[PDB]
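Colleague: Take a look at this one; I'll ask things after.
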Amino acid sequence: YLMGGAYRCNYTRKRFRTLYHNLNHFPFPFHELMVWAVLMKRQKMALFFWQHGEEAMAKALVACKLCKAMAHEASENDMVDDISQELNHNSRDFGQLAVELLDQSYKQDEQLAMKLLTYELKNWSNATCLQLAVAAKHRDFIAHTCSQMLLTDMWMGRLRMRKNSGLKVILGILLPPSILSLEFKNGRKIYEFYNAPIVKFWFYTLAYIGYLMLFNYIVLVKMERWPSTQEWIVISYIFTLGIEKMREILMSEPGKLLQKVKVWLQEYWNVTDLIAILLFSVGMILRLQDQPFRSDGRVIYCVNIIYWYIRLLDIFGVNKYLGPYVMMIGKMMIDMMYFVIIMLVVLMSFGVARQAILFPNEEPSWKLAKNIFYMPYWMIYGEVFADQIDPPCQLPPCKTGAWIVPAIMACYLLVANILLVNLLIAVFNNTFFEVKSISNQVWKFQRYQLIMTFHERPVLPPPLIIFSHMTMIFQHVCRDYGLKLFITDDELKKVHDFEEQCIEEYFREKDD
Amino acid sequence: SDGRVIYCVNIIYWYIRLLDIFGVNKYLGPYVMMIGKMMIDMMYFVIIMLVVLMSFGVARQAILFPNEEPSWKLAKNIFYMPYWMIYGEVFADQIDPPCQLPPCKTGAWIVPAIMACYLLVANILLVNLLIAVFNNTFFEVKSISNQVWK
Ligand SMILES: CCCCCCCC(=O)OC[C@H](COP(=O)(O)O[C@@H]1[C@H](O)[C@H](O)[C@@H](OP(=O)(O)O)[C@H](OP(=O)(O)O)[C@H]1O)OC(=O)CCCCCCC
Ligand SMILES: COCC(CCO[C@H]1CC[C@@]2(C)C(=CC[C@H]3[C@@H]4C[C@@H]5O[C@]6(CC[C@@H](C)CO6)[C@@H](C)[C@@H]5[C@@]4(C)CC[C@@H]32)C1)COC
Ligand SMILES: COCC(CCO[C@H]1CC[C@@]2(C)C(=CC[C@H]3[C@@H]4C[C@@H]5O[C@]6(CC[C@@H](C)CO6)[C@@H](C)[C@@H]5[C@@]4(C)CC[C@@H]32)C1)COC
Ligand code: NA
Ligand code: NA
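Read top to bottom, the protein sequences are chains A and D.
Residue numbers 566 to 588, 632 to 794, 861 to 1067, 1080 to 1164, 1177 to 1210, in the authors' numbering, belong to the letters of the first sequence in order.
Residue numbers 969 to 1067, 1080 to 1130, in the authors' numbering, belong to the letters of the second sequence in order.
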């Protein structure tokens, strides 16, 4: 219950249940001893038990996750609020121990360090160290150099092209004969090329670019009574994308259909995609009707194309420099919202004053609510036309107190364009280093999720993914790498010896 | 006439090449190299602004004119007016015209709202973030430029 949905402790297995039914020993006693010390808030005992035995990094990550879960449970049940602080401190200590051990292992030997993070852990419900670190939301562990290089190796697949990627992958996708010219890591070459995560990502990117081109074409030119070929291709793309989203919902982690909906709705992109697909379905339904409903469907298409243009930032978030910038944009959006509230108050004040002064004989109409916001808002973006505001009133009679409007305009412009915008620039300037560092760490953490979700995806892009969906139905009646790495007993022994050497060297260096 | 036009483009280049001569002054060389690096940063932010601009332009062109034959003038109206709009030319009669009066197009009230959102994003968020980026990465660039010039 504390670890997660997919975790399976050895105590609840059928073999241990049968052994405990008629009541031996434990192969690794320090695992159970450290779990006991962690569950009972004995930090010194847990730290003593951590450095004895094998799988030190796995024990550190498991202890960090357990302490975090216990802190959350204690804070939920209104404890003394000092237990929660102690548990959070314990979790931070164990996370720091894991990070320092990883740093020592990577500094000593690199290949064995990578082998440490991917080999399957039989004692911990068959989960690698990367999965334990991700399940603990440990951002400083995934953002380490060794974890990043391992993720790059997983992302590149079975290819060794490391000089200039992307262009060669694009050439291979566009020229299938050009595939048999790339070096591979130690017929089947095509299967290894089309199953790498990077090739799947570029296939999806090219399909999305073509879909955007077709959407622009169908909205720009005149729409006839019945959909043209490009409109049918766009509708097919939307339908297959919706089917793929439903398939991803179905194969989530929880065992209930209603519970998987919440977990899938955790991310904002999924919610926005669902809303956009529903809106496109409504617009397509309204499009196949008479003329006014056809126009309404066309307008819905235009709004939807705004969203699908905006969604290119998700694709851009794979570049090393275009992901942190997008997350910085997100946080600066919150700050800009606060300052927009104040500017809106000032703008409403000026607009109401000018509208009331200049036009004193207006009947109640909804056009009054438009003149308040429209002109003062366009005024602060350079459209400061001084004949439309305070007109020179042969000449028409001057309204009573119409000389106040230019003075109020001067004060409003001085406040809006010299004070608030400069203060906003200062706010963005003095809170940039922290936001930049946080964005870098979060992007390096989410690289793992990107790689995993493109490793689990099918090969064909959504325009022609309907073939891959039918094969799953046909195979319904019937991880060597990418997730784990299975090794023999000699390799396991060598890994254990290397880890013990690393931890004893780390403690010796710390003491010295 | 074609040769004359090529001459005009070439004169642009030969005017730009005065920075090579300016790079002998003690204070006008480091500034040019700083300009070079800030050009790379400005390229990154130009990509994002271009995405936003294309979205708004396509939306406005599709909403306002629904009976246009396929022509290369469509590809011009997307980039032209939204690009000149963010440099102070925010003429509100050319965009969302007041439609004696001609009939109002279906859903033509969305264009000013989209314009407001687009202006707020382009002129308050991205440019201020670019100013912050230039501001917080100036000391290192300045020192590197001084060393490289020397
Ligand atoms: C339509 C596309 C829109 C979505 C764009 C999709 C998002 C996107 O832009 O891709 C990112 C990727 C760039 O990364 P890519 O692997 O190709 O190359 C990186 C680049 O060469 C850096 O200079 C390297 O060192 P550093 O960082 O300076 O230290 C870095 O090495 P490392 O540190 O990793 O070991 C390299 O990774 O691909 C391209 O843009 C190449 C042209 C292909 C795209 C151009 C053709 C379209
Ligand atoms: C074309 O003819 C229209 C007619 C119906 C006319 O009804 C009128 C009823 C009052 C109403 C809704 C109208 C115009 C100004 C409207 C104000 C604008 C204000 O703005 C807000 C702005 C921001 C707020 C903070 C302050 O108030 C409103 C509370 C305020 C506001 C909405 C009060 C309501 C006013 C229209 C049709 O019927 C046959
Ligand atoms: C004067 O008459 C011209 C006529 C030839 C007309 O051909 C038309 C063919 C479609 C084409 C090339 C035309 C106008 C809009 C064009 C779109 C603009 C889009 O912009 C881009 C913008 C940015 C992209 C991201 C999205 O798409 C295009 C993929 C898109 C684009 C280039 C698709 C192609 C469209 C012209 C002459 O023949 C006798
Ligand atoms: Na201006
Ligand atoms: Na102007």
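For every residue, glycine included, the Cβ atom is placed at its ideal position computed from N, Cα and C.
Along the chain, where does the alpha helix (DSSP H) that runs through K676 (chain A) open and close?
Modeller: For the purposes of this step, residue 676 (chain A) is taken as the residue at position 68 of the first sequence. Residues 664–684.
Colleague: Alpha carbon to alpha carbon, how far is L758 (chain A) from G991 (chain A)?
Modeller: Here residue 758 (chain A) refers to the residue found at position 150 when the first sequence is read from its first residue. Here residue 991 (chain A) refers to the residue found at position 317 when the first sequence is read from its first residue. Their backbone Cα atoms lie some 19 Å apart in a straight line.
Colleague: Is the closest heavy atom of ligand 2 to the C-beta of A1030 (chain A) under 7 Å?
Modeller: As a position in the first sequence, residue 1030 (chain A) is number 356, starting the count at 1. No, ligand 2 has no heavy atom inside 7 Å of this Cβ.
Colleague: Taking the alpha-carbon of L674 (chain A) as reference, which of A:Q1161, A:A744, A:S926, A:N890 has the nearest alpha-carbon?
Modeller: For the purposes of this step, residue 674 (chain A) is identified with residue 66 of the first sequence, where counting begins at 1. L674 (chain A) has its Cα closest to that of A:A744, out of A:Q1161, A:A744, A:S926, A:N890.
Colleague: If you draw a straight line from the alpha carbon of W763 (chain A) to that of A706 (chain A), how long is it in whole angstroms?
Modeller: Here the question's residue 763 (chain A) lines up with position 155 in the first sequence. Here the question's residue 706 (chain A) lines up with position 98 in the first sequence. Rounded to whole angstroms, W763 (chain A) to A706 (chain A) spans 24 Å at the Cα level.
Colleague: Alpha carbons only, please: which of A:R985, A:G929, A:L915 is nearest the one belonging to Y942 (chain A)?
Modeller: What you label residue 942 (chain A) is simply residue 268 of the first sequence in a count that begins at 1. With distances taken between Cα atoms, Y942 (chain A) lies closest to A:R985.
Colleague: Against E1036 (chain D), what residues of chain A qualify as contacts under a CB-to-CB distance less than 8 Å, listed in chain order?
Modeller: By one-based count along the second sequence, residue 1036 (chain D) stands at place 68. Under the 8 Å cutoff, chain A gives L894, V895, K896.
Colleague: Taking just the CA atoms, how far does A1112 (chain D) sit from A1112 (chain A)?
Modeller: Mapped onto the first sequence, residue 1112 (chain A) falls at position 426. Mapped onto the second sequence, residue 1112 (chain D) falls at position 132. Each residue's Cα considered, the two are about 9 Å apart.
Colleague: Less than 8 Å separating the beta-carbons of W938 (chain A) and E918 (chain A)?
Modeller: As a working mapping, residue 938 (chain A) is identified with position 264 in the first sequence. As a working mapping, residue 918 (chain A) is identified with position 244 in the first sequence. No. Outside cutoff.
Colleague: Just the C-alpha distance for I1151 (chain A) and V893 (chain A), rounded to the nearest angstrom, thanks.
Modeller: Here residue 1151 (chain A) corresponds to residue number 465 of the first sequence, with the count starting at 1. Here residue 893 (chain A) corresponds to residue number 219 of the first sequence, with the count starting at 1. In a straight line, the C-alpha of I1151 (chain A) is about 25 Å away from that of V893 (chain A).
Colleague: Per the DSSP calculation, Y727 (chain A) is bridged to which residue(s)?
Modeller: In the first sequence, the residue the question calls residue 727 (chain A) occupies position 119. Answer by DSSP bridge pairing, in chain order: A:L1183.
Colleague: With DSSP collapsed to three states, give me the class of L767 (chain A).
Modeller: Translated into the one-based positions of the first sequence, residue 767 (chain A) becomes position 159. Three-state result, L767 (chain A): strand.
Colleague: Shorter than 8 Å from the beta carbon of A1112 (chain D) to some beta carbon of chain A?
Modeller: For this step, residue 1112 (chain D) is matched to residue 132 along the second sequence. So yes, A1112 (chain D) belongs to the interface.
Colleague: In chain A, which residues lie less than 8 Å from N978 (chain D) when you measure between Cβ atoms?
Modeller: Working through the second sequence from its first residue, we reach residue 978 (chain D) at position 10. Correct list: empty, because the minimum Cβ distance to chain A is about 32 Å.
Colleague: Grab me the residues of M897 (chain A)'s own chain with a C-beta within less than 8 Å of its C-beta, minus the 5 sequence neighbours each way, in chain order.
Modeller: Stepping through the first sequence from its first residue, residue 897 (chain A) is reached at position 223. Answer for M897 (chain A): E905, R961, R968, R972, listed in chain order.
Colleague: Hey, which residues come within less than 7 Å of ligand 5, measuring from Cβ to any heavy atom, in chain order?
Modeller: Listed along the chain, these residues meet the criterion: A:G1056, A:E1057, D:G1056, D:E1057.
Colleague: Quick one: what's got a C-beta closer than 6 Å to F1196 (chain A)'s C-beta in the same chain, skipping five residues either side?
Modeller: Counting from 1 along the first sequence, the entry for residue 1196 (chain A) is found at position 498. Only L720 meet the Cβ criterion.
Colleague: Since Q1029 (chain D) and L1021 (chain D) are thought to touch, with beta carbons under 8 Å apart, how far apart are those beta carbons, to the nearest angstrom?
Modeller: The sequence position of residue 1029 (chain D) within the second sequence is 61, counting from 1. The sequence position of residue 1021 (chain D) within the second sequence is 53, counting from 1. About 12 Å separates the two Cβ atoms, so there is no contact after all.
Colleague: Should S1023 (chain D) be flagged as near chain A, meaning a C-beta pair shorter than 8 Å?
Modeller: By one-based count along the second sequence, residue 1023 (chain D) stands at place 55. Judged by the 8 Å Cβ criterion, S1023 (chain D) is in contact with chain A.
Colleague: From the DSSP output, in three-state form, read off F1118 (chain D) for me.
Modeller: Residue numbering aside, residue 1118 (chain D) sits at position 138 when the second sequence is read from its first letter. Here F1118 (chain D) sits in coil by DSSP.
Colleague: Under 8 Å, do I974 (chain A) and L948 (chain A) count as touching if we go by C-beta distance?
Modeller: As a position in the first sequence, residue 974 (chain A) is number 300, starting the count at 1. As a position in the first sequence, residue 948 (chain A) is number 274, starting the count at 1. Contact: no.
Colleague: Taking the continuous alpha helix (DSSP H) assigned at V1020 (chain D), which residues delimit it?
Modeller: For this step, residue 1020 (chain D) is matched to residue 52 along the second sequence. From DSSP, the alpha helix (DSSP H) with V1020 (chain D) extends over 998–1032.
Colleague: Less than 8 Å between CB atoms is the rule here; does residue 1277 (chain A) satisfy it with respect to chain D?
Modeller: The displayed coordinates of chain A run from 566 to 1210. Any statement about residue 1277 (chain A) would go beyond what the structure contains.
Colleague: Give the single residue among A:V1145, A:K579, A:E662 whose Cα lies nearest to the Cα of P635 (chain A).
Modeller: Position 27 of the first sequence, counted from the first residue, corresponds to residue 635 (chain A). It is A:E662 whose Cα lies nearest to the Cα of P635 (chain A).
Colleague: Could you spell out the range, first to last residue, of the alpha helix (DSSP H) harbouring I979 (chain D)?
Modeller: Taking the first residue of the second sequence as position 1, residue 979 (chain D) is located at position 11. Note, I979 (chain D): alpha helix (DSSP H), 970–984.
Colleague: List the residues that DSSP assigns as beta-bridge partners of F792 (chain A).
Modeller: For the purposes of this step, residue 792 (chain A) is taken as residue 184 along the first sequence, with counting starting at 1. Answer by DSSP bridge pairing, in chain order: A:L767.
Colleague: Can you round the beta-carbon distance between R747 (chain A) and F1118 (chain A) to whole angstroms, since I take them to be within the 8 Å contact cut?
Modeller: Counted from its first residue, the first sequence places residue 747 (chain A) at position 139. Counted from its first residue, the first sequence places residue 1118 (chain A) at position 432. Going by Cβ atoms, the distance from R747 (chain A) to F1118 (chain A) rounds to 20 Å, so no, they are not a contact pair.
Colleague: Kindly examine ligand 1 and report whether one of its heavy atoms sits closer than 7 Å to the Cβ of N772 (chain A).
Modeller: Reading the first sequence from its first residue, position 164 is the one you call residue 772 (chain A). At least one heavy atom of ligand 1 is nearer than 7 Å to the Cβ of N772 (chain A), so yes.
Colleague: Rounded to whole angstroms, what's the CA-CA distance from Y995 (chain D) to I980 (chain D)? Just pull it up for me.
Modeller: One-based indexing of the second sequence puts residue 995 (chain D) at position 27. One-based indexing of the second sequence puts residue 980 (chain D) at position 12. Looking at the two C-alpha atoms, the distance is approximately 24 Å.
Colleague: Applying the 10 Å Cβ sphere with the 16-neighbour rule, what's the burial state of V908 (chain A)?
Modeller: Looking up residue 908 (chain A) in the first sequence gives position 234. That one is buried.
Colleague: Are the Cβ atoms of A668 (chain A) and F702 (chain A) separated by less than 8 Å?
Modeller: Here residue 668 (chain A) is taken as the residue at index 60 of the first sequence, counted from 1. Here residue 702 (chain A) is taken as the residue at index 94 of the first sequence, counted from 1. Yes; because the gap between Cβ atoms is below 8 Å, this pair is in contact.
Colleague: Comparing the C-beta of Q1062 (chain D) with each C-beta of chain A, is any distance below 8 Å?
Modeller: Within the second sequence, the letter at position 94 stands for residue 1062 (chain D). It does not: the Cβ of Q1062 (chain D) has no partner Cβ on chain A nearer than 8 Å.
Colleague: Tell whether a beta-carbon distance below 8 Å holds between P871 (chain A) and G780 (chain A).
Modeller: One-based indexing of the first sequence puts residue 871 (chain A) at position 197. One-based indexing of the first sequence puts residue 780 (chain A) at position 172. For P871 (chain A) and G780 (chain A), no; Cβs fall outside 8 Å.
Colleague: For my contact list, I1046 (chain A) and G1087 (chain A) are in at a C-beta cut-off of 8 Å; report their separation, rounded to the angstrom.
Modeller: Numbered from its first residue, the first sequence carries residue 1046 (chain A) at position 372. Numbered from its first residue, the first sequence carries residue 1087 (chain A) at position 401. Not quite, the Cβ-Cβ distance comes to about 19 Å (not below 8 Å), so this is no contact.
Colleague: For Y891 (chain A), verify whether its CB is less than 7 Å away from any heavy atom of ligand 3.
Modeller: Residue numbering aside, residue 891 (chain A) sits at position 217 when the first sequence is read from its first letter. Under cutoff, so the answer is yes.
Colleague: Keeping to the same chain, check which residues put their C-beta closer than 6 Å to that of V646 (chain A); ignore five residues upstream and five downstream.
Modeller: For the purposes of this step, residue 646 (chain A) is taken as the residue at position 38 of the first sequence. The answer, listed in chain order, is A654, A671, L674.
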